[PDB]
Amino acid sequence: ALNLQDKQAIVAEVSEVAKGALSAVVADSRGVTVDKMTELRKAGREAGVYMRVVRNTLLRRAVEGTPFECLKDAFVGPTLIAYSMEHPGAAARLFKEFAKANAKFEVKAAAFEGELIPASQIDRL
Amino acid sequence: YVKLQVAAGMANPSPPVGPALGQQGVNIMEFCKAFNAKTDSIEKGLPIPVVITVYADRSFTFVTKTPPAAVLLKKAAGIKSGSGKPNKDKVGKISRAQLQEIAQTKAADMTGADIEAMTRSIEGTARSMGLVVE
Amino acid sequence: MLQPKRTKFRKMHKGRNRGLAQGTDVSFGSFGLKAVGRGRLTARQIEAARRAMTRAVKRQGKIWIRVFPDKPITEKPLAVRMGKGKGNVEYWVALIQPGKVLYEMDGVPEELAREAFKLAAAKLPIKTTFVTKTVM
Amino acid sequence: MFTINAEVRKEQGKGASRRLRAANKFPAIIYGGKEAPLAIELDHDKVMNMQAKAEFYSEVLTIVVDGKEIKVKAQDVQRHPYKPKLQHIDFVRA
Amino acid sequence: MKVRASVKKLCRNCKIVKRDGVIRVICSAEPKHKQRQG
RNA sequence: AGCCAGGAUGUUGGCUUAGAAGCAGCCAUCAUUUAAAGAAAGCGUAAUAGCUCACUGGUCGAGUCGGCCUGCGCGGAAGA
Ligand SMILES: [Zn+2]
């Protein structure tokens, strides 16, 4: 399990890569094998992208660390976030082609500049 | 959608190959001799893994992947059989250059980030069968 | 099966078992099997039990037996009237008072020891519990 | 740090002690040093859960008696034979 | 139906019950674990 | 607790075996991508495949787990 100290440190790591990151993408992680997920983790370390699946009420505490607070309603449902620490984009262009490749899950809401991007307009990134 | 580990230029004995993927609708001799035509390049005596992909029409496509961590560690330490008592009884040796060759072969075959991750997974299979890394 | 090598006298008075135990504490092992109830332990009982907890530990750690069957019990056989002397010596026993420590143990995981002691106590006539050695 | 609350014993002997033990309280003593001995009573539970730590035996604790602390160590302790209980504690002035 | 005076859980799927003032052990998995006290 | 999802690569770890592939048996039990995934807790195979579990993300919404000490009860408990 996870002690309160565990959760505290992890909130500090998500808040710490969130401050350092240029852009983020929140998505549904449900209904996909660990094979295709390690495939998007290779396509992740190759694109500079930091991949995570983190607790929701943990990510309200980490995203209270600004300026991703427009995403706190995007945390209802299973949360997989892609932070591109190197480049903006390359998460939002990789996820739409991974979700069209799999035809599972969603890829719900993005965040850039301090604002949230609705699901059909993430083609901006 | 089946997998086997088949010796280098070899195929079509009854107990190892024919029944296993032959109850799945696969033509046996095309797999056998296109796999000996592909893996003619693998050294004699090494089992090489082959992933057979079967479709509703019985026409199959197989990816022959690089020889196992355990087989490239049998050959890079010089040995034949590894340990029956691993890290208690130790049966051979490989310098870090062979860990890195086997982990370039398996850099084609791993999930690893760096050749240090693939060298460390070949490190793990190096501690599994007893072999010493020197 | 324990029994005194040689004795001063061959037979004994039935005696009583009264009052409480000495050696209430675990002086050797980390754990011990203490007796809550009061009763006589034949050598057979002690042996069977020691066996049980010897199977249980797969011959690891160590086992002490703190009790000894030093007092001889007699029985006249069947179909024999009263008198004509005292009966012949049948077997040996150890008098047990509440709070004695029958076996000690260590060099083993606690969980396993509670187990082995349950299995040991299955073979014993008297109420028993598990205990840990303490500082002071 | 361990702080034990206590009262001065107005009675003595076997009878007093066994009424003490029936009430879920138990007798102990404080001696050593220039002073006279001080016999006191304690709550069985508090102390039973307190000596459920090891340091209790290696350390300087305090005892609150009629507004007044004393600083002491654990000297020896007699336990009931089969029960998870404490018959008594020798406290030596620290 | 093992009928005895000591009744126990023989696996993880055995579930203890008191029916009509009897203690029984019921299993979904293994019919052989069906017990009653007596 | 339930219910949705995943339970990964090296790899069928080596030994042994006509076969052992997490699951006859012997020994090690590492490392990788990890939210998590035991060189596997059970069913399964000629050996696989196939099925849950450990573990983790989701939904849910406030108490829950199991020992200790005792009070009174239940079973153990059949005869002319
Ligand atoms: Zn059962």
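Residues numbered from 1 in each chain as written, not as in the entry; some residues may be left out. Chains lettered and ligands numbered in written order. Part of a larger assembly, values for the part shown. Heavy atoms only, no water.

cryo-EM is the method the PDB entry states for this structure, with the resolution given as 4.80 Å.

Observations regarding the pairing of strand β5 (residues 88-96) of chain C
Put simply, side chains in a regular strand alternate between the two faces of the sheet. Residues and elements named next belong to chain C. Summarising the sheet, strand β2 (residues 39-42) and β5 pair through four bridges and their orientation is antiparallel. Residue pairing in the sheet places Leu41 in a bridge with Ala94 of β5. Bridge count for strand β4 (residues 71-75) against β5 is five bridges, and the pairing is antiparallel. Counted as the bridge partner of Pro72 is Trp92 from β5. (Pairing = 2+ DSSP bridges. Helix = DSSP H or I, 4+ residues; strand = E, 2+ residues; numbered from the N terminus.)

Section: the coordination of the zinc ion
All names here are of chain E. In the first shell of the zinc ion, the protein supplies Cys11 (SG), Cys14 (SG), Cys27 (SG) and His33 (ND1), at 2.2 to 2.4 Å from the metal. What the four donor atoms of the zinc ion show is an angle range of 98 to 118 degrees at the metal, which sorts the shape as tetrahedral. Along the chain, the residues donating to the zinc ion are arranged with the sequence spacing C-x2-C-x12-C-x5-H. You can call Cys11 partly exposed: its relative accessible area is 29%. (Donors = N, O, S within 2.8 Å, 3.2 Å for Na, K, Ca; no water. Tetrahedral: all angles 85-135°; square planar, octahedral: opposite > 155°, others 65-115°. Buried < 20%, exposed > 50% of the residue type's maximum accessible area, 1.4 Å probe, protein only.)

Here's the deal with the sheet that holds strand β2 (residues 14-19) of chain E
Residue and element names in this part refer to chain E. Taken together, the four strands give an open sheet; going across it, the order is β1-β4-β3-β2, and neighbouring strands pair in mixed fashion. Among the strands making up the open sheet, the edge pair consists of β1 (2-4) and β2. Between one strand axis and the next, the sheet turns by 20 degrees as a mean value, whatever way the strands run. Looking at chain direction, β2 and strand β3 (residues 22-27) are connected through six bridges and run antiparallel. (Axes fitted to C-alpha atoms, helices over the stretch in contact; angles between N-to-C directions.)

Points about a positive patch on the surface
A grouping of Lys118 of chain C together with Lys2, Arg4, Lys8 and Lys32 of chain E is seen on the molecular surface, where their side chains present a positively charged patch. The topology assignment puts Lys2 of chain E in strand β1. Looking at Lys2 of chain E, the relative accessible area reads 40%, which means it is partly exposed. (Patch = residues over 30% accessible without salt bridge, like charges linked within 9 Å, V, L, I, M, F, W, Y side chains within 5 Å. Areas by Shrake-Rupley, 256 points an atom, 1.4 Å probe, with all protein chains shown as cover. Salt bridge = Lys/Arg side-chain N within 4 Å of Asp/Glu carboxyl O. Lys, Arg positive; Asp, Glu negative; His and termini not counted. Charge placed at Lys NZ, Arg CZ, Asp CG, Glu CD.)

Digging into the protein's contact with RNA strand F
Taken together, the neighbourhood of RNA strand F is formed by 53 residues, with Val53 of chain A together with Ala69, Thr125, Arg127 and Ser128 of chain B sitting nearest. Considering the 4 Å shell around the protein, atoms of RNA strand F inside it are sugar or phosphate in 76% of instances. At 2.8 Å from a phosphate oxygen of RNA strand F is found a side-chain nitrogen or oxygen belonging to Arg55 of chain A. Counting residues per element, the ones that place at least two in the surface near RNA strand F are α2 (34-45) and β2 (49-53) of chain A together with β1 (2-7), α2 (69-76), α3 (96-109) and α4 (115-128) of chain B. If you tally residues by element for the surface near RNA strand F, the top one is α4 of chain B, at eight residues. Residue classes in the surface near RNA strand F are distributed as 18 nonpolar, 21 polar and 14 charged. (Near = heavy atom within 4 Å. Polar contact = N/O pair within 3.5 Å; in protein donor to acceptor, adjacent residues only side chain to side chain. Nonpolar A, V, L, I, M, F, W, Y, C, P; charged D, E, K, R; others polar.)

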